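Input: a single structure, listed below in structure tokens.
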Amino acid sequence: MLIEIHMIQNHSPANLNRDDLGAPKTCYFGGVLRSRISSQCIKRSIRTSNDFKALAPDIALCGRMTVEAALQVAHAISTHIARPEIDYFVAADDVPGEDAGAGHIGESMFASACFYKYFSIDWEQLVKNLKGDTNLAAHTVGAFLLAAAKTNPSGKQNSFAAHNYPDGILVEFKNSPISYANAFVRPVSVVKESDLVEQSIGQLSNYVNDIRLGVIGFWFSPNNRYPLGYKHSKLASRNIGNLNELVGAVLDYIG
Amino acid sequence: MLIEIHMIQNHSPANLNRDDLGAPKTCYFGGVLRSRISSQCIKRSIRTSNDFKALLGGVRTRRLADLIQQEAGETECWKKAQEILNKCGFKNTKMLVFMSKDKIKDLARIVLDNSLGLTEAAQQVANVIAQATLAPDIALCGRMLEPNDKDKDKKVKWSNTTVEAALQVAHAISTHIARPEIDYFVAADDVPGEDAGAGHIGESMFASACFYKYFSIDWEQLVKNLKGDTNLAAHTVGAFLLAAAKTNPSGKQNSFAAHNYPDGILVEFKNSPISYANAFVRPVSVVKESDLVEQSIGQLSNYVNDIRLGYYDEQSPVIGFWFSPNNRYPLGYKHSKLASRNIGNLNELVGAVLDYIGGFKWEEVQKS
Amino acid sequence: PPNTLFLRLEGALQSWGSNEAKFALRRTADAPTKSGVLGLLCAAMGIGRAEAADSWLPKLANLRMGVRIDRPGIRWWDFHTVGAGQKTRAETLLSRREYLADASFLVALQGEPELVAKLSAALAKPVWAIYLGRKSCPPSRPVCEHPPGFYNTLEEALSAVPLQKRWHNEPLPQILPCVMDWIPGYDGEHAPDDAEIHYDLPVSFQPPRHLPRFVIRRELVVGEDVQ
DNA sequence: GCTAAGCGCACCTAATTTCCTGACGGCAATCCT
RNA sequence: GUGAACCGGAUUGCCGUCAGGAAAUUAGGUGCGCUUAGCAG
């Protein structure tokens with residue numbers, strides 16, 4: 001069976017991923033230019049985390065020269081139009097001199113977006129390279145869930161402290177790998193009566209309700225801040241307000 | 001262990017940061033325009049603060065030759081200093097170099113002023129440049145510099161020079177929609193004439209906004225950058241807290257004397273960094289009752305409550321302190337009576353923070 | 001009864017590397033390659049890399065292929081850096097990937113009915129994480145969204161399916177690129193000089209060689225055959 | 001426990017287009033020769 | 001597991017600091033809410 005994790009994370013003005021020219025990584029979707037964090041960036045952010053350090057270690061989770069790592073991650077597609085900005089900066093000389101201004105006087109590139117992150121981890125092959133250690137496989141799945149929830153890319157973070165946690169994570173166990181990027185084909189335009197994160201979650205809920213109406217999924221939001229459907233009908237299997245119980249529910253559903 | 005400082009500060013009509021065009025810096029957050037104060041601006045304001053006079057021990061300059069020559073009453077050695085800097089890997093009065101002040105002064109005086117060879121003098125000055133990281137300013141802001149390998153002589157070898165920063169500062173974004181404003185000015189001519197017109201006509205730009213400021217000090221990295229002098233790290237943390245609380249960016253302050261102090265400081269201790277910027281994705285709209293600062297504090301408290309009831313680990317519970325001057329603005333004003341250590345004094349907050357890091361008293365640093 | 005199996009490949013980012021991409025610079029092709037879809041069905045089967053070499057290639061190489069392009073996505077470039085392994089030295093691989101942004105493709109494979117039925121059944125239950133050419137390109141729409149059916153010719157199959165508009169007033173594609181397999185017919189009938197070549201038929205990767213294939217291009221226009 | 005109606009005005013005349021500043025600082029990489 | 005399996009553009013930075021839209025002005029002129037009544041065997 002397949003475990004699919006969808007996240008809606010809104011990031012403060014930052015420069016998390018960069019190209020050669022210093023511009024934030026960008027993408028095109030729905031006729032609209034969109035911000036992007038590369039999949040390899042998120043994968044490396046998952047690795048080198050002190051949360052896990054404190055079979056063969058460092059081999060089953062990521063291969064090293066096959067291994068055929070079972071965890072896959074899509075590019076972080078923003079829900080709206082990309083809005084790059086210029087950060088005009090100078091570096092002072094802080095000494096009395098004959099001139100003024102000393103730094104490179106550059107133009108840093110940055111943008112802020114609400115990214116849709118797609119993680120798809122298959123249980124079967126992760127068991128396959130774990131020699132049937134179902135308990136250890138569940139433990140590593142939970143560790144990766146915790147990391148992906150509470151880790152961020154280590155981009156230009158000392159000047160852009162963007163450590164925002166996702167406002168909504170949705171875990172489904174469907175048979176085929178379906179990404180909900182098409183939920184945001186229409187770019188999200190913020191209205192006066194709503195916010196960007198709420199509108200993005202509403203669009204995701206609309207896409208989830210559509211197609212199927214014409215499997216089950218666990219919905220997690222911190223303290224149920226953003227409900228995925230405010231009705232008593234059979235729309236979401238469980239509304240989870242805490243991350244640890246979400247990991248527990250995923251674990252005892254898998255095993 | 002990370003010292004996280006979240007501050008809610010409202011500023012008077014001012015221009016504390018502008019781009020080349022002179023308009024106040026802005027950013028998009030949540031799809032709406034927000035006023036922005038750059039992170040390096042706050043870093044420098046804390047750096048050149050009156051509270052950092054006892055810890056400003058690093059210099060970032062390109063005219064290092066002038067600094068070396070300044071420590072000589074009559075020993076005129078300036079052309080040689082420029083030549084040795086050029087052969088060290090700088091090319092012109094050079095690129096920016098960050099390292100300590102007293103260290104470079106004494107070491108350059110004892111090295112480059114002595115009658116001796118040149119290439120090994122460049123090697124010695126390069127080692128001094130790389131090894132001068134005993135400054136709390138460098139420990140906080142961090143540095144790196146790699147000289148060009150073309151102009152540098154092959155006889156000069158550089159040791160590791162990358163200093164990892166122990167301080168992360170976010171851009172101060174407004175908690176509400178940004179309203180840029182145009183202040184149209186004239187420049188009066190003192191001598192009367194036949195036209196009776198101003199000497200200059202222009203348009204100034206300013207904005208007033210309630211800013212959310214985020215700081216993050218890595219205690220382990222700050223101690224590592226200062227080696228075993230942990231008391232120095234505690235002093236640096238306390239002085240940084242005081243400077244961030246009491247110092248404002250030095251923008252157009254002569255014309256816009258916006259010297260307002262923050263109305264709420266949340267100092268929290270956790271092993272992972274948390275930014276509460278998403279508390280203000282929805283812009284704060286002022287209503288008849290309450291105010292902009294009160295509503296911002298309420299939204300921040302709501303987000304902190306949801307974060308605590310969300311990502312929570314029983315193994316390492318997160319503790320925190322709330323500061324408001326004389327308990328003017330409470331965090332959980334209506335129902336969240338969760339913080340049992342609300343403080344109404346900045347010095348008491350500094351003392352509590354220092355006590356939590358370790359057995360540190362604010363007067364205990366008066367021993368060296 | 002069903003002779004043709006339909007595959008839907010749609011997503012924000014997709015990349016089907018063409019034959020002329022072997023340096024640190026890696027570009028992409030306008031349409032999915034036969035090698036990519038062959039790998040997709042191989043992953044759906046779950047057979048290993050070495051299982052193909054054990055007299056398995058011609059059981060799938062004979063599948064007639066046809067690619068339909070619904071919307072032409074513009075070529076988007078991604079700068080990828082590889083740290084590889086970090087005695088040690090600063091060795092960072094330089095790479096640039098090409099991705100098709102906002103593109104949708106329809107792949108039709110023609111073969112004997114039982115193989116198509118088994119292919120669809122295994123696609124409905126994918127044993128391995130399938131993607132759109134690269135692991136970082138997941139399918140935004142189900143691959144088995146269009147079900148297998150009995151259609152005489154590929155043109156009739158392509159014209160039978162209606163086009164669904166995203167909204168009421170959008171610029172529809174007046175030009176519809178298409179890719180179809182060149183039918184050899186009887187013995188002889190050599191391909192003309194105007195037939196393009198494509199190297200996307202894998203048989204072995206030691207040495208890595210892909211047999212060339214011929215691809216011809218056709219047109220389908222809506223509003224000219226249906227009132 | 002609950003009476004209604006008629007009636008409601010026009011506007012001339014709306015000032016003065018170059019009074020508007022200068023300067024200094026803007027990679028460091030060369031990621032199988 | 002098919003140009004695909006291994007895959008971060010990593011760090012340093014206040015524009016700072018010059019400035020009265022001012023000297024002109026009566027909305028000035030017109031006007032009946034007005035006709036009907038026991039809170040009492």
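Hydrogens, waters and symmetry mates are skipped; everything else that's a heavy atom, side chains included, is used. Letters A, B, ... are given to chains in the order of the sequence lines, protein chains preceding strands, and every chain is numbered from 1.
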5' priority, RNA chain E, between C/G48 and C/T81 [closest heavy atom]: C/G48

With A/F144 via ring-ring contact (aromatic ring centres under 6.0 Å, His included) - residues at least two apart: none

Pairwise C1' distance for D/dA28 and E/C14, with rounding to whole Å: 22 Å

Closest listed nucleotide, where the reference is the side chain of A/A91 and the choices are E/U11, E/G13, E/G3: E/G13

Protein-nucleotide distance (A/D94, atom CG; D/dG25, atom P), rounded to Å: 19 Å

Whole-Å distance separating the CZ atom of B/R60 from the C1' atom of E/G13: 6 Å

D/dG6 and D/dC7 stacked at 5.5 Å and 30° limits: yes

Anti/syn call for D/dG22, syn if |chi| within 90°: anti

Listed partners of B/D19 passing side-chain hydrogen bond (donor to acceptor under 3.5 Å, both in side chains), at least two apart: none

Between N or O atoms, less than 3.5 Å apart, protein on one side and nucleotides 16-20 of chain D on the other: list the pairs.
unit_1, atom_1, unit_2, atom_2, d
D/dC20, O4', B/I201, N, 3.2
D/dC20, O4', B/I201, O, 3.4
D/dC20, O3', B/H200, NE2, 3.4
D/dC20, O2, B/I201, O, 3.3

Any A/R44 side-chain nitrogen or oxygen under 4.0 Å from OP1 or OP2 of E/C6: no

Sugar-phosphate, base or nothing in reach of B/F98, heavy atoms under 4.0 Å: nothing

Dot-bracket notation for DNA chain D, counting Watson-Crick and G-U pairs under 3.5 Å, with | for partners on another strand: ..|||||.||....||....||.....|..|..

E/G9 phosphate, OP1 or OP2, under 4.0 Å from A/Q40 side-chain N/O: yes

Partners meeting side-chain hydrogen bond (donor to acceptor under 3.5 Å, both in side chains) with B/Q253 (sequence neighbours left out): B/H259

North or south sugar for E/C14 (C1'-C2'-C3'-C4' positive means north): north

Any residue meeting side-chain contact (heavy atoms from CB on, under 4.5 Å) with B/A172, in chain and number order, not counting sequence neighbours: B/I37, B/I42, B/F211, B/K213

Residue list, side-chain hydrogen bond (donor to acceptor under 3.5 Å, both in side chains) with C/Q14, at least two apart or on another chain: none

Distance below 4.0 Å between B/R63 side-chain N/O and D/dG25 OP1 or OP2: no

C1' gap between E/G8 and D/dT33, integer Å: 27 Å

Polar atoms only, N or O, under 3.5 Å: list the protein pairs with nucleotides 31-33 of chain D and their distances.
none

Presence of B/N17 side-chain N/O under 4.0 Å of E/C15 phosphate oxygens OP1/OP2: yes

C/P126 and A/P177, any side-chain heavy atoms less than 4.5 Å apart: yes

Whole-Å distance separating the CZ atom of A/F160 from the P atom of E/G13: 11 Å

side-chain hydrogen bond (donor to acceptor under 3.5 Å, both in side chains) partners for C/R134, two or more places apart: C/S15

Pairs satisfying salt bridge (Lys or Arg N to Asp or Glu O under 4.0 Å), at least one member in residues 37-52 of chain B, at least two apart: A/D94-B/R47, B/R47-B/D137, B/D51-B/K246

From E/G16, D/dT30, E/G8, nucleotide with atom closest to B/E146 side chain: D/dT30

North (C3'-endo side) or south (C2'-endo side) for D/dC19 via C1'-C2'-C3'-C4': north

North or south sugar for D/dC9 (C1'-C2'-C3'-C4' positive means north): north

Contact under 4.0 Å: A/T66 side-chain N or O vs E/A5 OP1/OP2: no

Distance below 4.0 Å between C/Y131 side-chain N/O and E/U2 OP1 or OP2: yes

E/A22 and E/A23 stacked at 5.5 Å and 30° limits: yes

Under 4.0 angstrom between B/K43 side-chain N/O and E/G13 OP1 or OP2: yes

Near-parallel close bases E/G16 and E/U17 (centres under 5.5 Å, planes under 30°): yes

Side-chain N,O (B/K25) to OP1/OP2 (E/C15) below 4.0 Å: yes

Sugar-phosphate, base or nothing in reach of A/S38, heavy atoms under 4.0 Å: sugar-phosphate

A/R18 side chain near E/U11 phosphate (N/O to OP1/OP2, under 4.0 Å): yes

Whole-Å distance separating the CH2 atom of C/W16 from the P atom of E/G3: 7 Å

Protein-nucleotide distance (C/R134, atom CZ; E/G1, atom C1'), rounded to Å: 16 Å

Any N/O donor-acceptor pair, C/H80 side-chain to E/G8 base, under 3.5 Å: no

Partners meeting side-chain contact (heavy atoms from CB on, under 4.5 Å) with B/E194 (sequence neighbours left out): none

Pucker class of E/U25, where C1'-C2'-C3'-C4' positive means north and negative means south: south

Sugar-phosphate only, base, or nothing, as touched by C/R89 at under 4.0 Å among non-hydrogen atoms: nothing

Pseudorotation half of E/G13 (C1'-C2'-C3'-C4': positive north, negative south): south

Value in whole Å for how far the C1' atom of E/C14 lies from NE2 of B/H171: 12 Å

Six-ring stacking criterion satisfied by E/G31 and E/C32 (under 5.5 Å, under 30°): no

Interatomic distance where CZ belongs to B/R47 and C1' belongs to E/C14 [whole Å]: 11 Å

Spacing between B/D137 atom CG and E/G13 atom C1', to the nearest angstrom: 13 Å

5' precedence on RNA chain E between C/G39 and A/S154 (nearest-nucleotide basis): C/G39

Heavy-atom side-chain proximity of B/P13 to B/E181 below 4.5 angstrom: no

C/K135 vs E/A4: side-chain N/O to OP1/OP2 distance below 4.0 Å: no

Short side-chain N/O contact from B/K252 to OP1 or OP2 of E/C18, under 4.0 Å: yes

Between side-chain atoms of residues 200-211 of chain C and protein atoms elsewhere (two or more places apart, or another chain), which donor-acceptor pairs fall under 3.5 Å?
unit_1, atom_1, unit_2, atom_2, d
C/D200, OD2, C/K34, N, 3.1
C/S204, OG, C/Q206, N, 3.3

